[PDB]
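Peer 1: Residue numbering for the sequence shown is 35 to 79, 84 to 305, as defined by the deposited numbering. Using N, Cα and C, we set each Cβ at its ideal position, and we do this for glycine too.
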Amino acid sequence: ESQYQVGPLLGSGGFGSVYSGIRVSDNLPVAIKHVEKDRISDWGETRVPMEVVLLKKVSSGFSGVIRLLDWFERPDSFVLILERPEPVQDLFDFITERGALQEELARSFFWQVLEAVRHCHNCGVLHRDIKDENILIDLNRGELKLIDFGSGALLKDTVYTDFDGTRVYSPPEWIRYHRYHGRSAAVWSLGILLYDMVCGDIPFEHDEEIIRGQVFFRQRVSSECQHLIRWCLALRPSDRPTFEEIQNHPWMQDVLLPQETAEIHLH
Ligand SMILES: O=C(c1ccco1)c1c[nH]c2ccccc12
Numbered sequence: 035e036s037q038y039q040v041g042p043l044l045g046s047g048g049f050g051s052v053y054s055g056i057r058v059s060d061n062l063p064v065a066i067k068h069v070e071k072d073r074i075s076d077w078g079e084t085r086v087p088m089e090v091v092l093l094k095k096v097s098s099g100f101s102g103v104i105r106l107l108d109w110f111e112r113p114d115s116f117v118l119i120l121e122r123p124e125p126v127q128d129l130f131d132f133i134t135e136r137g138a139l140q141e142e143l144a145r146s147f148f149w150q151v152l153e154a155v156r157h158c159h160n161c162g163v164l165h166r167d168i169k170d171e172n173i174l175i176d177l178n179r180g181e182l183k184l185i186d187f188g189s190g191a192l193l194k195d196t197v198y199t200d201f202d203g204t205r206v207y208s209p210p211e212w213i214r215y216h217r218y219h220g221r222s223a224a225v226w227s228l229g230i231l232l233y234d235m236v237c238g239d240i241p242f243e244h245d246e247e248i249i250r251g252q253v254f255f256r257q258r259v260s261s262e263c264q265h266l267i268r269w270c271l272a273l274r275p276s277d278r279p280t281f282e283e284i285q286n287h288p289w290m291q292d293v294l295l296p297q298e299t300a301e302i303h304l305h
């Protein structure tokens, strides 16, 4: 408040409003995110938004998650202080500009995504909204960072019957039954994401295509990549790969380091 210098609004949406900021104490770049208390669906613990509980559980030590540095409670909103990489661009914008990604780049991005989601999972947190817009690229370090835990939940082994993430990334068992388990629904969304990365667009727009589960490639994509995608997008949850199987898949071998990724691909 006196502790942060606010700059430009970065965006707004169902997550609230995110401003670029600086922490005055040491000039650290931050993102400052406000949600209205009324617009908060889900709470935990003092009563904080679930997002804060989930962020505190994943923000310890380092990872591929944008870390929560601090939060404040205002009379009708909560304010989250988050890390801000600089320069940064979300993976959606990045794909809009460059179109479908070279596989070497998608492999590096995808792997970093998988490490970040494993970390969330090891921490007891299910993100539930993995997609291009929720992934930030630190364009100098080539490091990807998960954002927006606002639809996430504690990880658990029983079935989830609520979902408020992105539909076109939701699995067919959610579409048909409003039931999914955490890991396998995450894996499906990783399949959409991987397809999006290598094709330049998500594979399915309509409930029907999701449920049909048939994947058509519109760009040239290697067979190993199409196979990994189709495995993530297995119609039966239990036919999907574990994170381990995904990272042991042949398309995933020999990943570039993040730094290499930036040098070759991001300049
Ligand atoms: O954390 C973020 C976020 C976006 C939506 C919900 O949380 C950020 C959105 N744009 C950003 C830019 C830099 C760091 C975080 C974010």
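When you compare only the Cα positions, how much space is there between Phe130 and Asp170?
Peer 2: Rounded to the nearest angstrom, the two C-alpha atoms are 5 angstroms apart.
Peer 1: Label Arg136 either buried or exposed according to how many other C-beta atoms from any shown protein chain fall within 10 Å of its C-beta, with 16 as the threshold for buried.
Peer 2: So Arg136 counts as exposed.
Peer 1: So who's on the other strand from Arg57, going by DSSP bridges?
Peer 2: Paired residues: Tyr38, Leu62.
Peer 1: Please indicate yes or no: does the CB of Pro125 lie closer than 8 angstroms to some heavy atom of ligand 3?
Peer 2: What this structure holds is ligand 1, not ligand 3.
Peer 1: Quick one: Cα of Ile230 to Cα of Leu294, how far?
Peer 2: Using only the alpha carbons, I get a separation of about 22 angstroms.
Peer 1: Where does the unbroken beta strand (DSSP E) through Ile175 begin, and where does it stop?
Peer 2: It spans 173 to 176 - the beta strand (DSSP E) in which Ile175 sits, taken as one unbroken run.
Peer 1: At a cut-off of 8 angstroms, would you count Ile104 as near ligand 1, judging by its Cβ distance to the nearest heavy atom?
Peer 2: Yes, the Cβ of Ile104 comes within 8 angstroms of a heavy atom of ligand 1.
Peer 1: Less than 6 angstroms between C-beta atoms, sequence neighbours within five positions excluded: which residues of the same chain meet that for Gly78?
Peer 2: Taken in chain order, the residues that qualify are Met88, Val91.
Peer 1: Could you tell me the boundaries of the alpha helix (DSSP H) in which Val91 lies?
Peer 2: Segment 88 to 96, the alpha helix (DSSP H) holding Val91.
Peer 1: Residues in the same chain with beta-carbon distance under 6 angstroms from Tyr218, minus the five sequence neighbours each way, listed in chain order, please.
Peer 2: Excluding residues within five positions, the ones whose Cβ falls inside 6 angstroms are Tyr198, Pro209, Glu211, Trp212.
Peer 1: Report the rounded CA-to-CA distance for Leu143 versus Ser115, giving the unit in angstroms.
Peer 2: C-alpha separation (whole angstroms): 39 angstroms.
Peer 1: Is the beta carbon of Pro125 sitting closer than 9 angstroms to the one on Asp186?
Peer 2: Their beta carbons are not under 9 angstroms apart, which means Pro125 does not touch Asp186 by this criterion.
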